[PDB]
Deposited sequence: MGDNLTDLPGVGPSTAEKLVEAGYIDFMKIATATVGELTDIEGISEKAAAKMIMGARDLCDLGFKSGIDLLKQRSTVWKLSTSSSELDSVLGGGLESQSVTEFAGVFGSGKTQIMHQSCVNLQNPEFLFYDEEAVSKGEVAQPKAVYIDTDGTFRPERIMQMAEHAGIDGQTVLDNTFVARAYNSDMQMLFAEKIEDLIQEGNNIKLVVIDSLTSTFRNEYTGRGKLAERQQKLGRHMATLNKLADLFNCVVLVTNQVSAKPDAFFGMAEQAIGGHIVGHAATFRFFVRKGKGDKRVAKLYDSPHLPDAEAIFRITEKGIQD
């Protein structure tokens, strides 16, 4: 931390206690939140930010560099051949991909299946030139359980059918039961602490994402307040995926209001989610994921199934 211009081991011991220990946390901070710290002046704060953006090389980039930045984004397999395809390879890190859909369409299954596929190194697709082996070594997931539907059994079950060891997944997956939007938001904010303690968090799950905000901000004369609180949440979730190069998955419910339906969460959720899906039930265990929004990929459908082994085909 003293590598930073104008940073005595004091101002450093201070920054660590205030949470800022990473050059990025500091490079992407504001001169206001940084001065909120004691002996940290304005020029002191202004200087270490400029210095960290610098050390981290956050300037203008052109040509081949645009490709090298893009190559830093690894991807997680959904165990579905078709879903990965439609996903442009798999679930991307540095982005928030959402799965919305009717009850029992498999949203939760996808969240569990992921926590498992993370513990299998051959399910993390990356370019060894931009993503080192150590950067994805001993990955860990973080399952923020909103509905109260996390199921250890299911994690164990999906683990064997894939050769993986069940306890091994449970030992590397942190679960946080949130009973309201408050606990929900705060848990997501406290993922930074899990990292500061050496946990290679490479997967974040919010299931469900909107349930809480709706039960709380009922009156739609309160919806302004909601969309506001809900916008900072999505912001935190994205900075996370960006800064810790991990994938952020979230599930969402569908509103009756008119395809036919639409994911709840309002505008803010739409703008904030990078990849948006609509999952449907088919005959028996046949399911369909429909990609309707993304920045570079074309809308498309993926067929898979939900069996005792999890997601397959």
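Colleague: Going from the first residue of the deposited sequence to the last, where are the unmodelled runs?
Modeller: 1-4, 263-267 are the stretches of the deposited chain that have no C-alpha coordinates in the structure.
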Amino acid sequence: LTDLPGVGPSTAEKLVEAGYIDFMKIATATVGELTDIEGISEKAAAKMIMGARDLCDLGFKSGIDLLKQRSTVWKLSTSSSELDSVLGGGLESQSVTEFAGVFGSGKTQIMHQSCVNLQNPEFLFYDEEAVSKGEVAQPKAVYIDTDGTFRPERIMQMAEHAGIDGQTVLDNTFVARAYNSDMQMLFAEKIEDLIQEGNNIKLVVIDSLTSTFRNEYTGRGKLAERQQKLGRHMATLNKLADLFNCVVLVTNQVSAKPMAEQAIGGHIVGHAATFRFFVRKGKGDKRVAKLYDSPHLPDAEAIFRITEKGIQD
From here on, numbers count along this sequence of modelled residues.
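Colleague: Please work out which of 126-134 and 192-200 has the higher mean CA B-factor as recorded in the PDB entry.
Modeller: Mean CA B-factor is higher for 126-134.
Colleague: Mean C-alpha B factor from the entry: is it higher for 215-223 or for 183-191?
Modeller: The stretch with the larger mean CA B-factor is 215-223.
Colleague: Of the choices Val250, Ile264, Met259, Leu67, which one's C-alpha carries the largest B-factor in the record?
Modeller: The C-alpha B-factor peaks, among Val250, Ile264, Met259, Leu67, at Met259.
Colleague: Among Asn245, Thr274, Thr30, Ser62, which residue carries the highest C-alpha B-factor recorded in the PDB entry?
Modeller: Top of the list by C-alpha B-factor: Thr30.
Colleague: How does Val269 rank on Cα B-factor within its chain, lowest, middle or highest third?
Modeller: Lowest third.
Colleague: Going by the recorded CA B-factors, say which third of the chain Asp207 sits in, lowest, middle or highest.
Modeller: Within its chain, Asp207 is a lowest-third residue by C-alpha B-factor, going by the deposited values.
Colleague: Taking the chain's C-alpha temperature factors as the reference, tell me which third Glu160 falls into: lowest, middle or highest.
Modeller: According to the entry, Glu160 has a C-alpha B-factor in the chain's middle third.
Colleague: Based on the entry's values, in what third of the chain does the Cα temperature factor of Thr168 lie: lowest, middle or highest?
Modeller: As the PDB entry reports it, the C-alpha B-factor of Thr168 lands in the middle third of its chain.
Colleague: Where does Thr72 sit by CA temperature factor within its chain: lowest, middle or highest third?
Modeller: Answer is lowest: the recorded C-alpha B-factor places it there.
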